[PDB]
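In: As they sit in the full assembly, here are the leading chains:
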Amino acid sequence: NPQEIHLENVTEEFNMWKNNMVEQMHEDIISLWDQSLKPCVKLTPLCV
Amino acid sequence: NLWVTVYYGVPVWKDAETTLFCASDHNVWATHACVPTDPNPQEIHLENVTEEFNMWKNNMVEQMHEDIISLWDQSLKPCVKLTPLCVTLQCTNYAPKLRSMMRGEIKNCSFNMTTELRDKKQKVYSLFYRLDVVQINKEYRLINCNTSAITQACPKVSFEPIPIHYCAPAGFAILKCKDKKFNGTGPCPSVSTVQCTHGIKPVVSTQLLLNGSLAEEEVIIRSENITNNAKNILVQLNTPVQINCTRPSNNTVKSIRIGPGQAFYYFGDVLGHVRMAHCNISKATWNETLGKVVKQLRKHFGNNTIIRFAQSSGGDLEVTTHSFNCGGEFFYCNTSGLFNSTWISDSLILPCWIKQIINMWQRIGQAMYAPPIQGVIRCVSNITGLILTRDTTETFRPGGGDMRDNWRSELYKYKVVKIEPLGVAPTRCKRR
Amino acid sequence: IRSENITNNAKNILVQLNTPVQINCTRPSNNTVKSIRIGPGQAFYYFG
Amino acid sequence: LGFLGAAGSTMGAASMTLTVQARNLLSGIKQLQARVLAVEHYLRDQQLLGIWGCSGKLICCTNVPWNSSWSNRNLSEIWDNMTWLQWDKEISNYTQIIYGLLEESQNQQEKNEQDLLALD
Amino acid sequence: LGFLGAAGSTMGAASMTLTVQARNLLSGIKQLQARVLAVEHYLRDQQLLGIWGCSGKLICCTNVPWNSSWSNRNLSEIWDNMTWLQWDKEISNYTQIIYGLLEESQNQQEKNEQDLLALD
Amino acid sequence: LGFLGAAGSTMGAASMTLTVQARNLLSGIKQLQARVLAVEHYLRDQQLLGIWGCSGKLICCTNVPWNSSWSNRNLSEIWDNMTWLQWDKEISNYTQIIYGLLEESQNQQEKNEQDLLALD
């Protein structure tokens, strides 16, 4: 139940270019990606 | 007529052991991961407070030791593993016509080295110091092959001993001792409280301590038990002795790829002359320095007791020679020219040498390969203290090996206590 | 006798005894163990 | 003064710096554990104090009389001529007794209040 | 007795061991998380008691009348003949209603006190 | 309304939703650190509020007079013509002064209470 409350009569300043939520998403995506490749086969024997 | 009254916020404490956090303002020490610093490290003098200190039971020392070993291992973990180098080497002498001190010190060896593709090998020539190789019966192996794999230290990570401050967690406080002539134990009457210690440089050395603090007034000699020959004596000097060390050889560093994104750095050649590494100590300063040490030793041993200094007795280089890291090279120096006297009531040169295979902190089983440093090295530091041991005369010899003593010499002034702000006392009131 | 469902033959039955039964096990052979270094700091132990 | 500045002063004088001490009690695994533990410690002292009937007060008195056997060294002798660090040793073996009494002579108070409020 | 020793006793008798239970609520990632959660849980109950106007108390009464629809069972029938574990089931569907009433009939009190203090 | 629903309203109306806001303040290493920090933050506000002599209260008042230099803006025509977000900026440079005064005119009260209770 993702409730949302309208903040009637509230005006607020936004700045998408300084939004650190982006940085967290960036780092979490890379981390999940990398973690998922740890339990896998290495192909170093193929560098021939 | 009196009633129990409860007070919260009472200024009392007990000795305690806790986890301290560090702060400082890449490096081997993860200084970037240790940065909750404090620009205003306020200190509060406590009037009329006398506290008992004991530097030999100070758990701040044990934590510092553990943190340093841990940081070292983490920082130098994600580096090239030189397992392809544990091969038979064919070696000759680098400068076979040399008639100097360096004759026989540098070997010129060949390898059958791996390369980027698994299908090929490459022939590689490199120079090694004598102390890094073992003849196996031409026919040499690297010394680490006997016990362990070796990792190349990352060339991008500095060994400079950047200062680290230790800060208390809330609920705890750090107390400074601050008496003059404080010998490590007992009741300093000049105690003050701080949130966080001053910065301590994690300088690692044996025999002589470098770049540390100085005694305020006179040489201070400290020991867990001054009459127990099984214990070390830590001597804090009130004056620095300047030491100038160098590596007078212009070396060229070469590198090759040994795998898919892996590279090995090595000592290629020498430009100009081949000369022995060494350190210069003012002769007059050193003699004055020992005279001060002896004067203080006589306070415990007698002014009619002959005191002599002597050469270290044996064991491996970390205990028989002075050692330090200058410019990234690991030096070992012969201190026999310093500890040679007998006291009864111009410059000195320590020959030195370097080696690239290093076993830190007695961690047998994990070796580090120190990549060579390009160019020449000059390094200047002062001796701020020394470590001595003991055999109608007393004989003192240089000690070392256990790094905890290097840290005891900086943390002797501090203790950690737990604040216990709750207590009772009789007063005259009844609540209702 | 304990079972999640004693009438379900697909389940295990755990039986707790009120007396121990002593069991004496052995390997009646005098074996010699040898070891070989197989790498720089690694050793293999084996039945010699 | 500042935190622990009154540590070497008398109990009486030091009773005026309780606020200073209180504010400095409360603000990678090893460090995180230390922070969690500091919080648990803080809460245990607050719980205990609350059990005794002393809630937000830094100074509070109760109905438990002082026993003469609990180092009853006069009164001015301790408030004017002793520090808290010394007092903490003078009665170190009696704190569990005192704490038990403080809890007991609270539960009795709560029952009396509950009954009085039931009168019409 | 000891912790939970009164669990099988009647509510009246068990109301006298509240101190015992309260003191047993307070004191590698999985274990550390369990400790952090124990603290968050504890604090939520303390916050709730504070909101209801009942802070440093184990027992406190308020101005919310008992509604007979909330499982009326006489009075002595409950206190002298039921355990807390049974009572907990008798009114399990009404605790949210009761809690809401306890919060509302506090906010009304805080405002009335604020206004009375404004009289000269 | 709901959490922060009154954020755009006047201080007057907003003062009636304090319960709503309070209940939403309190409830892998980086996630655990965030939870621990939220607890430390919460406790610091509770400690501060307790030091000032205001414990289990959402609204309380004291003996520190309002200084005219602290953004003197009428009363009735501002209290009900301003939001809390605006007020917060109007006095942002004075909160440390006010907080210091709130502690001083509490420590004085604790000492006066302790002395009055000592009159036989």
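Out: Now that the structure is in, tell me what you want to look at. Numbers count the residues shown, from 1 in each chain, chains lettered A, B, ... in the order given.
In: how close does residue D:75 get to residue D:81?
Out: Look at residue D:75 and residue D:81: by CB to CB, to the nearest Å, they are 11 Å apart. In short, each C-beta sits where N, CA and C put it, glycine included.
In: And the strands in chain D, which stretches?
Out: Remark: strands assigned in chain D by DSSP state E are D:59-65.
In: For residue D:78, give me its contacts.
Out: By CB atoms under 8 Å, 6 or more residues apart in numbering or on different chains, the contact set of residue D:78 is B:425, B:426, D:11, D:87, D:90.
In: Dump those to a markdown table, plus neighbour count.
Out: Output for those, formatted as a markdown table (neighbours: other CB atoms under 10 Å in any protein chain shown):
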| residue | neighbour count |
| --- | --- |
| B:425 | 23 |
| B:426 | 23 |
| D:11 | 22 |
| D:87 | 22 |
| D:90 | 15 |
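In: and the residue most central in space within chain D, how far is that from residue A:22?
Out: Closest to where the C-alpha atoms of chain D average out (CA atoms, centre = their mean) is residue D:49, at 6.8 Å. Computed as CB to CB, the residue D:49 to residue A:22 distance reads 46 Å.
In: give the contact list for the closest residue to chain F within chain A.
Out: Proximity of chain A to chain F (CB to the nearest CB) peaks at residue A:9, 3.1 Å away. Contacts for residue A:9 (CB under 8 Å, 6+ apart) come out as F:8, F:9, F:83.
In: ok, so what distance separates residue A:43 from chain D?
Out: Between residue A:43 and chain D the distance is 34 Å, computed by CB to the nearest CB, to the nearest Å.
In: could you show me where the helices are in chain A, in order?
Out: Ranges of helices within chain A are A:20-35, based on DSSP state H.
In: List the beta-bridge partners for the nearest residue to residue D:15 once chain neighbours are set aside.
Out: Excluding its sequence neighbours, the residue lying closest to residue D:15 (CB to CB, 6 or more residues apart in numbering or on different chains) is residue B:7, at 6.5 Å. As for beta bridges, residue B:7 partners with residue B:423, residue D:59 under DSSP bridges.
In: picking up where we left off before, name all residues that make contact with the residue nearest to the centre of chain D.
Out: Shown in contact with residue D:49 (CB under 8 Å, 6+ apart): B:6, B:8, B:422, D:55.
In: Which of those sits closest to residue F:37?
Out: residue B:8 (24.5 Å; CB to CB).
In: which residue is nearest the middle of chain A?
Out: residue A:25 (1.8 Å).
In: For it, give its distance to residue A:19.
Out: When distance is defined by CB to CB, residue A:25 is 10 Å away from residue A:19.
In: also put chain G on there:
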Amino acid sequence: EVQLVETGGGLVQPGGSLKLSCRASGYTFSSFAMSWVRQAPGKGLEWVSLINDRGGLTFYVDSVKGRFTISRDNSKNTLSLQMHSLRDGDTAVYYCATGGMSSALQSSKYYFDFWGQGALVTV
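Out: Putting chain G onto the chains we already have gives this:
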């Protein structure tokens, strides 16, 4: 040696006001509670007011409760009494005295240790 010295006083007509004061030395001023005691010409001794050592708690006899203020200044080592709405029944010698209540940490007294000589007030 205690030095409690009263000043002020004089003749003031009914409904008027005056201020008495007492300066003191020898004893740490700030360590003691102080009071004013009235000596009417025929009553001898009447307690009038008490102030604690920090100057925060004051107590009065009902007869002056809505009229008199007792005050202290620990930097000046001064005790004072401000009288208002004076009546004929207030004619008396007013004495500065040390004693009465205490701090709850220090052996409460409930008696007067030292006396000044007294200012004369006539209404």
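In: mind redoing the contacts of residue D:78 now chain G's in there?
Out: Applying CB under 8 Å, 6+ apart to residue D:78 gives the contacts B:425, B:426, D:11, D:87, D:90.
In: close enough to count as contact, residue G:88 and residue G:123?
Out: Yes - with contact defined as CB atoms under 8 Å, residue G:88 and residue G:123 form a contacting pair (5.2 Å).
In: so the closest residue to residue G:51 other than its chain neighbours bridges to which residues?
Out: Ranked by CB to CB, 6+ apart and with sequence neighbours excluded, the top spatial neighbour of residue G:51 is residue G:70, at 4.7 Å. With DSSP bridges as the criterion, residue G:70 is bridged to residue G:81.
In: Pull the contacting residues for residue G:70.
Out: The contact partners of residue G:70, by CB under 8 Å, 6+ apart, come to G:36, G:49, G:50, G:51, G:58, G:60, G:79, G:80, G:81.
In: Narrow these to those that are buried.
Out: G:36, G:49, G:50, G:51, G:60, G:79, G:80, G:81 (16 or more other CB atoms under 10 Å in any protein chain shown).
In: between the residues you listed, which is nearest residue G:12?
Out: residue G:81 (13.4 Å).
In: measure stretch A:35-48 end to end?
Out: One end of stretch A:35-48 sits 27 Å from the other (CA to CA, to the nearest Å).
In: Name the residues that touch that stretch?
Out: With CB under 8 Å, 6+ apart as the test, stretch A:35-48 has contacts from B:116, B:117, B:118, B:119, B:260.
In: hmm, 7 Å instead?
Out: When contacts are defined by CB atoms under 7 Å, 6 or more residues apart in numbering or on different chains, stretch A:35-48 is touched by residues B:117, B:118, B:119, B:260.
In: Equivalent analysis for stretch D:63-70, please.
Out: Contacts to stretch D:63-70, defined as CB under 7 Å, 6+ apart, come from residues B:2, B:3, B:4, B:426, B:430, B:431, D:72, D:91, D:94, D:101, D:102, D:105.
In: closest to residue E:38 among the residues you listed?
Out: Looking across the contacts of stretch D:63-70 and measuring by CB to CB, the closest to residue E:38 is residue D:102, at 25.2 Å.
In: Please name the residues that touch the residue of chain G most remote from its centre.
Out: Most distant residue from the mean C-alpha position of chain G: residue G:105, 23.5 Å away (CA atoms, centre = their mean). Going by CB under 7 Å, 6+ apart, residue G:105 touches B:427, D:12, D:79.
In: I'd guess it is in a helix, am I close?
Out: No - assigned with DSSP: H, G, I helix; E, B strand; the rest coil, residue G:105 falls outside any helix and is coil.
In: any idea how far the nearest residue to it once chain neighbours are set aside is from chain A?
Out: Distances taken as CB to CB, 6+ apart place residue D:79 nearest to residue G:105, at 4.4 Å, with adjacent residues excluded. As judged by CB to the nearest CB, residue D:79 and chain A stand 54 Å apart.
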